[PDB]
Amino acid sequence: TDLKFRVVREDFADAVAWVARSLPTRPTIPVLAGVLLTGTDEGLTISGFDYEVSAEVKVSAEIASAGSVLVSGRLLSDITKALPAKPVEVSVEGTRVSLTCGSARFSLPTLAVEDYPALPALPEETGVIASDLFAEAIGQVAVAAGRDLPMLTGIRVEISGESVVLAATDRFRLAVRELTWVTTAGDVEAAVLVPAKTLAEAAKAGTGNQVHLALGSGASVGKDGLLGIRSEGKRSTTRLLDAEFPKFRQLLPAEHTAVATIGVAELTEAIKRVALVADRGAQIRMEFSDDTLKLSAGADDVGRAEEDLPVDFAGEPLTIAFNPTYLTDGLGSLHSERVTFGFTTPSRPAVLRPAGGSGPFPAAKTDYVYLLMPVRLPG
């Protein structure tokens, strides 16, 4: 049977665009860059799979004839993005697939499916989380993942019943986000490691007020070796990462000798000004005392810069330096009006959290934390 359907230009383009995000670029197995189109009873299914990551979306379409066909991914996405806002008519004839839309007519070759792998079955459902929370949390934590060191390239997902903990580190920063979700099956006590770039890219995409996470259930959580992600009309899988995540909880300070609260916008805009002179973006310095923060960067031979900000500060005054990018990375993941820094010494990790005597100061309980290692002041 030969696939033939009519579809709206906008729904077709957006769906193909969603899939095309997860296709490989220049794959050793060229057919893996294909997009699979399947006409069913419900309508049209659009999928891609490269043995590692799969993406499948359903879109309404008028199916004149059931069937499936594999066509080149980047070409289809480029064509569909370039068509007029008219209906699109797709029709498989022989070894070609005809795509007509208004005055424009395309004739693409079919790809062979003999060496094209089948979509994996998604694991059993584990839990449900709101879509906006999911995007935000993944987006927060992924900023701290290594880009290699396989154990640093993943996001750790710990599940303890209703609670979920996401974590990632690259040895210089550590981001941890805790959230609550709705369990699908029974109580679950488990942890997996998901490739960060892949999970972060999936989150940035659309998904639908809810996101269903499929990792299995009972004693088989993690067994299929897969994380399934489901939203309204969309299903995706990623292979889990085979590496042990470092023990990170011991790193989080129970208390601080100094704490500082400041506006995130104020601080960020100022960090960008001062870091302008940092040779290779080496370091920015933060001098805390009284009610003012002094930022500085640069050196004698390249140029210096400094800026004073009002700041709510308590405890023993200190000067501490950071990688400016690591610092703005942290600041940008807070999603709060203010940040509270928790310090001990210039050479020990600093805590940034979304936002009292002489100290010491108990660590604040927050759903999100970004632990940043300092760099050494020049000496």
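We number the residues from 1 along the sequence you see.
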Looking at the deposited sequence, how many residues between residue 207 and residue 208 were given no coordinates in the entry: none, 1 to 3, 4 to 9, or 10 or more? 1 to 3
If you count the residues of the deposited sequence that sit between residue 355 and residue 356 but have no coordinates, do you get none, 1 to 3, 4 to 9, or 10 or more? 4 to 9
Check the entry's C-alpha temperature factors for 178 to 186 and 225 to 233, then say which stretch has the higher mean. 178 to 186
If you average the CA temperature factors over each stretch, which comes out higher, 70 to 78 or 139 to 147? 70 to 78
Selection by C-alpha B-factor (highest) of 340, 325, 28, 47: 28
Out of 54, 333, 347, 65, residue topping the C-alpha B-factor column of the entry: 65
Going by what the PDB entry lists, where does residue 263 fall on CA B-factor within its chain: lowest, middle or highest third? middle
When the deposited Cα B-factors of this chain's modelled residues are ordered and cut into thirds, is residue 256 in the lowest, the middle or the highest one? middle
Where does residue 246 sit by CA temperature factor within its chain: lowest, middle or highest third? middle
Please rank the C-alpha B-factors of the chain's modelled residues and tell me whether residue 170 sits in the lowest, middle or highest third. lowest
By its CA B factor, does residue 111 count among the lowest, middle or highest third of the modelled residues in the chain? middle
